[PDB]
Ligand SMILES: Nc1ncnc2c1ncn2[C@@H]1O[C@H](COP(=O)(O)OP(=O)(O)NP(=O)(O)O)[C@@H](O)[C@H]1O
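Next comes just one chain, in structure tokens: the form deposited without the ligand.
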């Protein structure tokens, strides 16, 4: 950091070395993943923090230590029925291998007759989504702070040949220091070439996903453009009542900016929300540096962000250990475990 501030570009070799070491650490865990590191009876289930099509996330309390965790519970039969086996195996294998300050930590994983379990560190601050909708919109410095963390996170993830594919305020939690932690790796994939799966969230899909083209990591950079827009405007650049209408707007290319957007913000967004892949920022010869060197990020100290030395725009209210006040209420359902093993072969490596 000190060098980067003193002489811009001098940190180049150091960043390269950092990523090289981070890749070595990742690959060791990637090649030999951890398995069966806890069991269900070691936790007390308290409250649901969020729900999905084939599972849910619960606040649990580790009986022996007293620590609180967010436990993702996935129904094996539902995963198979929805054809999500490989994606779930992707999620767990990647999560147990990664290590970055802006990614939620996988603490334990295990399975039983009925379910798959991923025990994550509990982030009590709630989703960015909740705060964003309530406040309406973030100021540009506020949005910039969050955006910078995503830029670094994608720099880290893309260096490991990982594509994230589900960026949205719903998947971004705010910690006790006011910093972002990325959650939900359900669509994350380790891929060197191109890939074809239609997945993500309608508002955040790049046009090449929509048009069944085959795509690469450039889709995460498009998604970043959508995120920054939504944070600063209070609404997405492409919205409608139904997904078809959203997809039509994305493929037209036309984006309108609120009058309060700065010239620098509009310029960055034009380069991120770019249909032409040979012109989209993050996908050019200089890669992520085109984004980091952009005028909108001129005030951003990139290393200081990584070191978490920058004062956050807001810190969420903390009421005590195991407080769920920053999370919405959900319908509670009893976690049932069958006496017969379901889908054993499909989930052998979990």
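Positions refer to the first chain, counted from 1.
As for the form solved in complex with the ligand, it is not shown, yet the points below apply to it.
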Can you pick out, from 121, 175, 140, 203, the residue that has a heavy atom within 4.5 Å of the ligand in the bound PDB entry?
121
With the ligand left out of view, which of 274, 115, 183, 109 would have a heavy atom within 4.5 Å of it in the bound PDB entry?
183
In the bound PDB entry, is there a heavy atom of the ligand that lies within 4.5 Å of any heavy atom of residue 230, even though the partner is absent here?
no
Might residue 220 be said to contact the ligand in the bound PDB entry, defining contact as any heavy atom within 4.5 Å?
no
Residue 60 within 4.5 Å of the ligand in the bound PDB entry, heavy atoms:
no
Heavy atoms within 4.5 Å of the ligand in the bound PDB entry: does residue 148 have any?
no
51, 104 and 127 - do all three of these have some heavy atom no more than 4.5 Å from the ligand in the bound PDB entry?
yes
Given 275-283, 256-264, 183-191, 204-212, the stretch touching the ligand in the bound PDB entry at heavy atoms within 4.5 Å is 183-191
